[PDB]
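To start, the structure itself, in structure tokens.
Letters A, B, ... are given to chains in the order of the sequence lines, protein chains preceding strands, and every chain is numbered from 1.
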There are 2 protein chains.
Amino acid sequence: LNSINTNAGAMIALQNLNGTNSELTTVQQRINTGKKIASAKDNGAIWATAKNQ
Amino acid sequence: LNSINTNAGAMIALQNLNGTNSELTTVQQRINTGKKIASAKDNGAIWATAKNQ
């Protein structure tokens with residue numbers, strides 16, 4: 001299919017790039033705080049345990 | 001037959017030329033629109049499915 005209107009391969013490469021940027025942003029946060037769970041979004045149970053403790 | 005009032009062979013050649021011209025126009029639409037089904041005139045069911053999707 002030599003489509004002129006649609007290009008699924010660029011879509012696949014873009015979603016893969018977005019996932020790579022997500023992991024890189026996670027590592028950037030993880031280096032900033034120096035903490036594996038910097039907030040409740042990281043994992044709420046151990047986060048609340050650490051807060052009360 | 002040498003009938004001066006009529007020439008059926010030119011009529012048949014004109015019919016063939018008209019069919020070749022109509023095929024050239026539909027290919028012209030396929031080239032500029034970039035789609036094999038760009039309107040309801042082409043195929044209405046798949047076109048309506050494409051519009052809804």
Side-chain angles (χ1 to χ4, degrees):
Chain A
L1 162 77
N2 296 68
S3 179
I4 193 66
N5 315 303
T6 300
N7 173 333
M11 293 180 183
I12 301 299
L14 190 39
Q15 65 183 357
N16 293 137
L17 193 45
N18 299 128
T20 307
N21 296 115
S22 313
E23 322 191 80
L24 183 63
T25 300
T26 300
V27 181
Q28 288 174 213
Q29 183 62 255
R30 187 179 296 275
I31 290 154
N32 269 333
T33 61
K35 291 174 71 175
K36 182 175 73 175
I37 297 89
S39 88
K41 274 175 316 193
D42 288 335
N43 176 213
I46 311 154
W47 173 93
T49 313
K51 297 296 289 183
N52 301 281
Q53 185 67 41
Chain B
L1 183 63
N2 304 122
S3 179
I4 193 66
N5 307 352
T6 300
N7 176 311
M11 296 162 57
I12 301 299
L14 183 62
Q15 293 179 356
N16 296 341
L17 194 50
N18 290 329
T20 305
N21 287 327
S22 296
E23 293 179 353
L24 186 51
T25 81
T26 187
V27 175
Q28 267 165 27
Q29 303 162 18
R30 293 181 184 271
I31 297 168
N32 52 346
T33 52
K35 309 206 262 183
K36 64 182 181 293
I37 283 165
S39 85
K41 281 262 154 183
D42 300 352
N43 189 359
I46 175 155
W47 177 86
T49 289
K51 288 262 163 293
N52 283 274
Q53 184 178 2

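Grouping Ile, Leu, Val, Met, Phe, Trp and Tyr by side-chain contacts under 4.5 Å, direct or through others, puts B/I37 with B/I46, B/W47. Residue B/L1 is found outside any hydrophobic cluster, as its side-chain heavy atoms come under 4.5 Å of no other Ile, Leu, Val, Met, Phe, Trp or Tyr. By the 4.5 Å side-chain criterion applied to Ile, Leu, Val, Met, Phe, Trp and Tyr, B/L17 is assigned to no cluster and stands alone.
Put simply, CG on A/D42 and CZ on A/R30 are 6.5 Å apart, with the number rounded to the nearest 0.5 Å. Atom NZ of B/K41 is separated from atom CD of B/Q29 by 11.5 Å, given to the nearest 0.5 angstrom. B/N21 CG to B/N16 CG: the interatomic distance, rounded to the nearest 0.5 Å, is 11.0 Å. Atom CD of residue A/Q28 and atom OG1 of residue A/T33 lie 12.0 Å apart, to the nearest 0.5 angstrom.
No side-chain donor-acceptor contact under 3.5 Å links B/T26 to the backbone of B/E23.
Contact check for A/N7 versus A/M11: no side-chain heavy atoms found under the 4.5 Å cut-off.
A pairwise comparison of heavy atoms in A/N18 and A/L14 identifies OD1-O, 2.6 Å as the closest pair. Scanning all heavy atoms of the two residues, the minimum distance from A/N5 to B/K35 falls at ND2-CG, 3.3 Å. Heavy atoms only, all atoms of each residue included: B/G34 and A/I4 are closest at CA-CG2, 3.7 Å.
Remark: A/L24 CG is packed, more than 12 non-hydrogen atoms of other residues, nucleotides or ligands lying under 6.0 Å away.
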